[PDB]
Structures are given as structure tokens and as C-alpha cells.
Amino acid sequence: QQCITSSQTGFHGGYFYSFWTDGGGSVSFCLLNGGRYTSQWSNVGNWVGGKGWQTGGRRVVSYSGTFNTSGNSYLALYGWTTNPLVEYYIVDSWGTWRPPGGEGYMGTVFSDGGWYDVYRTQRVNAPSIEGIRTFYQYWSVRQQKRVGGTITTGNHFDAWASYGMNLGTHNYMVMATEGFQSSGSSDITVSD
């Protein structure tokens, strides 16, 4: 199995992957050698996915490749925790909109040669690795767009905890591409 179009998770090239779309528009998601994946999307509704780890946590994430979009998309390390349920994002780059639009500004953190702005925002009755639930989103968003480098998750998690943003048991953690009502392409290789 190589290119796919329906929400799923699994293992490929020695890495975990997760891919989700609300089915709106079209997105193709390709599983290539090792930590590599490519993505292409057109007038998509909402989608997010990449390669990484079934169990998240403190890790030096190295990633490389390309990311392009005529609209609202981002490139982020992306993960979940349970107990409590958190959806989190370390956004290295974006398109026409810098997430999460400045809402829930908490402060700053400096990691992997760059400044990130820290935000908390909320989802009420939204899809989640545990169903329709209400949960917090934790954001680090680089101040300048970058595509390629290391992401020391630990620094983000320590910063978040210092701002009162506590994480549960780690679910998956992937170097993700994301689309909202947009078009673009991505070609990303993850490793330790």
C-alpha cells in the first residue's frame, strides 16, 4: 500500500503514520521509503497527517523536505494525549493564515534556534482520538516560517507546563501536513 485517500493509521517504512480528512474536496497521501511521505490536496475541507511515532513524548524530531500552499495550510509536529485529552501542534510553517489567529496567547519559548508563540484554544464537541469530546489544543507557532530542522518536543512540553498547559498520557506524535479550505503539496521525511 502506497497512496491512500481515507482516514487511517498504521506502520510503514519502520515509522507510524496517521492520516485524517473530513472527505471534503480531494487529498492524496503517499507512503514512501523510511520516514518519508508526500501529500497533495485541492479545495479540501479539513485534513492532517504524516509519519512519526505511535507513542509520543520527549524526543529530538529531525525532518526535511518541501511544503507549498496557495491558502490556509500548516506544517507542524502534531500529537494527542489522553487523561486529559489534548490535541497539540508545534507549527514550523503556514500559508495565508498564521495559526491559531493569535487567540489564547500564553507567552513564548525558544527551541531549535527559533522563537515560538504559545497559545491555548478549545474544541467543543469535535472529532478526537476518543470521539465527539470537548478538549484543549496546545500550540507552539514559530515567529518566522521554517521548513526543515529539529524540534525538541521536551522544550515545548516544559514551556507549556510552565504556562499551566499540562499533558496526559501520550498518544501518537507525527510530523504533519494540514489543510483547511485550501490547496497545496508536501514532501516530508521524519527521523530521530
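A residue's number is simply how far along the shown sequence it sits, counting from 1.
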property	result
Per the entry, higher mean C-alpha B factor between 145-153 and 64-72	64-72
Mean Cα B-factor comparison, 156-164 or 129-137, giving the higher one as deposited	129-137
Candidate set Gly79, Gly107, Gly104, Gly114 [ranked by C-alpha B-factor, highest]	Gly104
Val48 CA temperature factor, ranked by third within the chain	lowest
Assigned third (lowest, middle, highest) for the C-alpha B factor of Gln1	highest
Third of chain Cα B-factors occupied by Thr169	middle
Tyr88 - which third its CA temperature factor falls in, relative to the rest of the chain	lowest
Third of chain Cα B-factors occupied by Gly10	lowest
